[PDB]
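Residue numbers start from 1 in every chain, and the chains themselves are labelled A, B, ... in the order their sequence lines are given, proteins ahead of strands. What's counted below: heavy atoms across the whole structure, side chains too, no hydrogens, waters or symmetry copies. Order of listing sets the numbers, starting from 1, for every ligand and every atom in it.
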2 protein chains.
Amino acid sequence: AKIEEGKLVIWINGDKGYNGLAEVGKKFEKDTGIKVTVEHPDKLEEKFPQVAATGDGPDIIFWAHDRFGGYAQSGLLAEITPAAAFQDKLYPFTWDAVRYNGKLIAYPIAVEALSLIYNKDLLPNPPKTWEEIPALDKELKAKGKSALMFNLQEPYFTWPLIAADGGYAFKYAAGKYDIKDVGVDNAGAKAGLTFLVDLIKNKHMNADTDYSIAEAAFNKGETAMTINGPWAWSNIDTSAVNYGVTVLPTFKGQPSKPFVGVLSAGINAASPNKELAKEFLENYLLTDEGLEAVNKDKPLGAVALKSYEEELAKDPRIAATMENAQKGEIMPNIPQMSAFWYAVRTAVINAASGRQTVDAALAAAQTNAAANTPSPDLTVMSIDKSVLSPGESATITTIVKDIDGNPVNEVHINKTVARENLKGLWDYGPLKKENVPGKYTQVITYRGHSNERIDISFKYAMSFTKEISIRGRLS
Amino acid sequence: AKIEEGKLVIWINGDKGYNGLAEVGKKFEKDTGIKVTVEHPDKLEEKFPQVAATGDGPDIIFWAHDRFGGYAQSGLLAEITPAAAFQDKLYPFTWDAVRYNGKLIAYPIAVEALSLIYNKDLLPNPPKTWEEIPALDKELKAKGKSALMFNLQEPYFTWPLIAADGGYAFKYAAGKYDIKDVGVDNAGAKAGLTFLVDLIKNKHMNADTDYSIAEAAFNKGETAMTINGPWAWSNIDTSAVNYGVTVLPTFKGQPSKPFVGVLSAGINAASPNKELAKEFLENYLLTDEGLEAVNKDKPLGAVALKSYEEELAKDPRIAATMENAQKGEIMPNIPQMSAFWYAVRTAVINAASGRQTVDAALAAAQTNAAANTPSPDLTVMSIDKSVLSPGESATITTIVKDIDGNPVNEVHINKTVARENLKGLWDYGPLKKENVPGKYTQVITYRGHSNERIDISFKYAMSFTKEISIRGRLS
Ligand SMILES: OC[C@H]1O[C@H](O[C@H]2[C@H](O)[C@@H](O)[C@@H](O[C@H]3[C@H](O)[C@@H](O)[C@@H](O[C@H]4[C@H](O)[C@@H](O)[C@@H](O)O[C@@H]4CO)O[C@@H]3CO)O[C@@H]2CO)[C@H](O)[C@@H](O)[C@@H]1O
Ligand SMILES: OC[C@H]1O[C@H](O[C@H]2[C@H](O)[C@@H](O)[C@@H](O[C@H]3[C@H](O)[C@@H](O)[C@@H](O[C@H]4[C@H](O)[C@@H](O)[C@@H](O)O[C@@H]4CO)O[C@@H]3CO)O[C@@H]2CO)[C@H](O)[C@@H](O)[C@@H]1O
């Protein structure tokens with residue numbers, strides 16, 4: 001778990017070839033004596049910024065490149081400066097993905113795009129268009145099958161459809177992304193989303209479909225199609241299914257336009273093992289043998305390493321991946337990407353479920369994606385009472401504001417309570433959103449039993465913290 | 001995510017039928033208007049006690065019953081008092097598993113035991129004994145296969161072997177478990193472990209084998225045998241494999257003796273939805289239809305509900321589960337179970353890898369399993385400096401002690417740093433174990449850039465917290 005001199009800790013997502021990566025680690029250990037521990041914590045991409053600067057992260061973090069600009073802006077990443085000879089071993093466009101403010105911030109590993117994955121026995125002539133899928137589903141349902149299942153809970157999987165007829169994240173102009181010019185609520189985006197929503201209302205898909213439901217349904221031969229990336233191919237191979245990987249369907253005659261990720265490896269700026277990390281990545285992983293070991297576990301996609309990619313490129317599944325990639329767009333790496341994703345995630349889910357209209361959902365995503373970040377300097381937190389007797393209550397009031405002093409309407413707040421002794425009895429109300437932007441309250445009732453101090457910390461937007469204390473006394 | 005009046009949040013492990021459970025939730029929602037959100041956080045069993053009492057848990061927690069005594073001791077669980085008619089619908093021994101200090105603390109759902117799962121094409125006559133497996137592996141390796149792969153990283157999977165020839169957790173006598181009488185280092189336990197270790201050294205298994213490696217190897221037809229529970233059967237069915245589920249091999253002519261878990265559902269004492277939770281569990285889940293929906297996703301094992309179990313019991317896989325269960329032991333539910341597991345986990349891993357001898361590994365597990373818990377009242381935490389100028393360092397010293405004032409040698413300490421502004425530059429050393437029991441130090445160097453206050457909290461044994469603060473000032 002712990003970062004220490006002389007050992008390497010690596011975090012990679014649980015859908016990737018972590019076992020194969022650990023094999024590369026074993027080889028490094030054999031040669032160097034340096035143990036390499038590969039972990040796949042949930043929410044690693046959220047945890048990393050919280051722990052990296054405060055002494056508790058991995059030495060190396062793997063994620064798609066979209067997360068890395070935010071990390072770099074915060075100073076969390078070592079600058080990557082490989083020799084020209086090494087740089088020349090990887091595709092130039094992959095280095096571009098991991099460049100932030102003129103500096104290389106990670107090593108590129110592999111290029112990922114979603115494709116249409118289809119069952120050749122059920123559906124050897126997969127549809128050209130999205131909009132026929134409902135009629136197709138009707139046909140399949142009459143023989144115990146469904147047309148299509150994919151993960152509706154992650155916006156990555158729905159974006160290609162939202163983008164097909166013109167939806168965009170941030171407008172690109174004059175050498176940069178305009179962080180206030182968000183394209184999620186344009187005509188093209190509302191449509192794509194509407195379409196999905198109609199698929200649902202018409203009982204072709206289920207709003208609750210997640211990664212595991214879709215994977216199981218495809219791999220068991222129950223659904224004719226899924227939308228997934230190269231990492232998914234291994235489990236399909238394990239199954240009995242004869243599958244193809246192809247171009248995503250069109251929408252309004254336009255290609256679906258997936259957001260393309262470059263799986264990337266960053267080095268923690270606070271690591272005492274930066275040089276070892278670089279050696280591991282450059283000399284062990286980013287080799288034919290190293291990438292093969294990871295790929296054999298879960299396929300990587302179109303790898304960044306030219307020598308190995310030249311071999312993979314022959315695979316029709318890879319050719320299809322690259323085709324879909326070329327029809328989409330390489331994700332920005334800017335800090336605002338997470339805000340964009342969080343916003344779109346909420347809009348797809350809310351709409352799919354009919355908890356809001358498409359017009360409304362997407363209008364709101366636009367606001368939230370473009371929102372300023374909370375400022376520690378202007379955010380307020382107080383409690384009305386710092387000592388409680390049994391039966392007394394204290395209320396926390398917090399008001400979250402940006403750098404300009406303007407409220408931030410939607411904010412992630414993580415509450416943590418530190419307890420002196422675990423002997424006192426306490427009741428916590430919900431964190432209540434009040435009827436003005438940025439304002440939340442929480443009621444805490446001391447019920448006695450034992451004297452106990454508690455310290456309540458609110459972490460805002462997975463960044464800064466404010467804290468209050470309560471002394472519970474029996475008298 | 002959040003606990004709120006009028007909605008249900010459920011936590012269940014990611015290896016269980018969470019999608020099927022969500023289906024039961026949908027039915028409840030249809031009837032009642034109460035949304036049911038099923039989550040599968042990693043480490044849910046560790047998180048639950050940390051958040052349940054402090055206003056941030058689920059309404060309902062699912063885990064095997066072994067975890068629940070600790071939760072109950074801490075006051076985290078609502079007492080369960082179903083009508084006699086309802087009680088009579090479930091097997092008596094399952095209620096016994098969820099009784100703590102004379103009170104029912106959860107609803108029993110299903111009985112789980114590990115079995116030997118084997119590939120009928122590769123190995124239709126699976127071995128009787130463990131000790132022949134190495135020779136068998138030799139035969140299989142000569143035809144591109146291995147004999148056996150199972151999760152070595154979780155002690156649950158190795159326990160049946162450790163226990164076969166007499167290993168035990170806590171001695172049971174006079175109506176109770178003796179928490180100071182730990183059986184992990186007896187002759188029978190050292191042997192079983194030694195055997196596994198020899199399997200490894202002789203290249204029959206790999207010390208690094210985890211759940212996913214083993215699952216993939218079995219399901220792809222690469223390994224003849226695995227050790228797993230009923231939840232695993234779904235993915236095997238998806239694969240091409242013809243498999244059987246049978247009695248675990250013997251060791252020294254003794255049955256392997258798995259620790260048997262009762263998957264159980266507890267209600268958070270702090271839930272404002274206790275009655276809804278009870279209705280969901282009693283009236284929706286613990287019905288033929290409800291359990292079927294979960295079972296169809298991932299098999300539950302031998303369910304607690306007699307009416308449904310009578311149907312399942314016909315399944316030879318269930319018969320085998322029950323056979324292995326009867327050869328093992330129902331886990332204690334006492335608070336000390338987690339300490340036991342943590343200890344055995346470290347001993348298996350350390351030994352399997354050859355980082356310690358079996359004799360040593362198991363001697364140490366014994367000490368740690370029997371150890372007193374840290375006391376908030378006697379644990380020390382201080383920092384030598386509470387204000388720093390740039391280039392100055394402060395050192396935290398903590399000394400962890402039990403209720404009696406005795407040091408606790410091994411302690412889990414989770415460090416969290418709350419940051420005022422994220423503008424200061426700080427360097428954190430490792431948390432250093434000093435050369436006497438219970439004592440740890442950490443060096444923090446302020447590097448300037450900006451004035452910033454940080455608050456550093458140490459949480460001990462996932463229980464109490466102590467905190468210090470540092471004001472970093474440029475002057
Ligand atoms: O509370 C909501 C959820 O929040 C967390 O998920 C967030 C991430 O933190 C964001 O970074 C973002 O995720 C993007 C991701 O950055 C992007 O690369 C892409 O992810 C693909 C990935 O490239 C691919 O290799 C493979 O792993 O599939 C991923 C998709 O699942 O797309 C993501 C958006 O879908 O936004 C999400 C929220 O949507 C947290 O992890 C969740 O547990 C939490 O529910
Ligand atoms: O830091 C080490 C690891 O710590 C955490 O794992 C702990 C758990 O918190 C403990 O409760 C215990 O786990 C037992 C578990 O309580 C017991 O029921 C059994 O679990 C079976 C389960 O019954 C079955 O249904 C299925 O899910 O498989 C489980 C086994 O994986 O056995 C467990 C012990 O193997 O001890 C473990 C540590 O071993 C934390 O979750 C980990 O992430 C962490 O690495």
Side-chain angles (χ1 to χ4, degrees), chain A residues 1 12-16 39 41-49 62-68 70 110-114 151 153-159 210-211 228-232 258-264 298 300-301 331 333 337-346 348-349 412 462, chain B residues 1 12-16 39 41-49 62-68 70 110-114 151 153-159 210-211 228-232 258-264 298 300-301 331 333 337-346 348-349 412 462:
Chain A
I12 188 166
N13 205 42
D15 61 5
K16 306 304 187 306
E39 304 175 336
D42 195 24
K43 306 185 187 204
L44 73 87
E45 77 295 349
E46 286 188 339
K47 290 172 178 164
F48 177 80
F62 286 74
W63 198 256
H65 69 286
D66 61 301
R67 267 285 184 173
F68 283 76
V111 184
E112 307 172 353
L114 294 167
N151 186 9
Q153 311 310 304
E154 281 293 343
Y156 182 71
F157 295 85
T158 51
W159 189 256
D210 63 11
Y211 192 96
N228 218 330
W231 52 85
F259 253 151
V260 176
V262 177
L263 178 64
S264 299
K298 305 289 190 177
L300 283 163
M331 288 186 283
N333 66 18
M337 282 302 291
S338 52
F340 159 78
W341 283 128
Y342 288 127
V344 180
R345 182 193 166 273
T346 297
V348 173
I349 283 166
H412 184 79
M462 293 179 292
Chain B
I12 188 166
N13 205 42
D15 61 5
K16 306 304 187 306
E39 304 175 336
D42 195 24
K43 306 185 187 204
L44 73 87
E45 77 295 349
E46 286 188 339
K47 290 172 178 164
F48 177 80
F62 286 74
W63 198 256
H65 69 286
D66 61 301
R67 267 285 184 173
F68 283 76
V111 184
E112 307 172 353
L114 294 167
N151 186 9
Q153 311 310 304
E154 281 293 343
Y156 182 71
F157 295 85
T158 51
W159 189 256
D210 63 11
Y211 192 96
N228 218 330
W231 52 85
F259 253 151
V260 176
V262 177
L263 178 64
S264 299
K298 305 289 190 177
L300 283 163
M331 288 186 283
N333 66 18
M337 282 302 291
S338 52
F340 159 78
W341 283 128
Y342 288 127
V344 180
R345 182 193 166 273
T346 297
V348 173
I349 283 166
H412 184 79
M462 293 179 292

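Distance check: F340(A) CZ to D66(A) CG gives 9.5 Å after rounding to the nearest 0.5 Å. In this structure, the separation between CH2 on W63(A) and NZ on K16(A) is 6.5 Å, given to the nearest 0.5 Å.
No donor-acceptor distance shorter than 3.5 angstrom exists from the side chain of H65(B) to the backbone of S264(B), with no hydrogens or angles considered. Under a 3.5 Å cut-off, the side chain of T158(B) and the backbone N or O of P155(B) do form a donor-acceptor pair.
Contacts of ligand 1 (protein heavy-atom distance under 4.0 Å) are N13(A), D15(A), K16(A), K43(A), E45(A), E46(A), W63(A), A64(A), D66(A), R67(A), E112(A), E154(A), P155(A), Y156(A), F157(A), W231(A), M331(A), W341(A), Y342(A), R345(A).
Remark: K298(B) is not positioned above the aromatic ring of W231(B), lacking an NZ or CZ atom under 6.0 angstrom from the ring centre and at most 45 degrees off the axis.
The two residues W341(B) and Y156(B) have their closest heavy-atom pair at CZ3-N, 3.6 Å.
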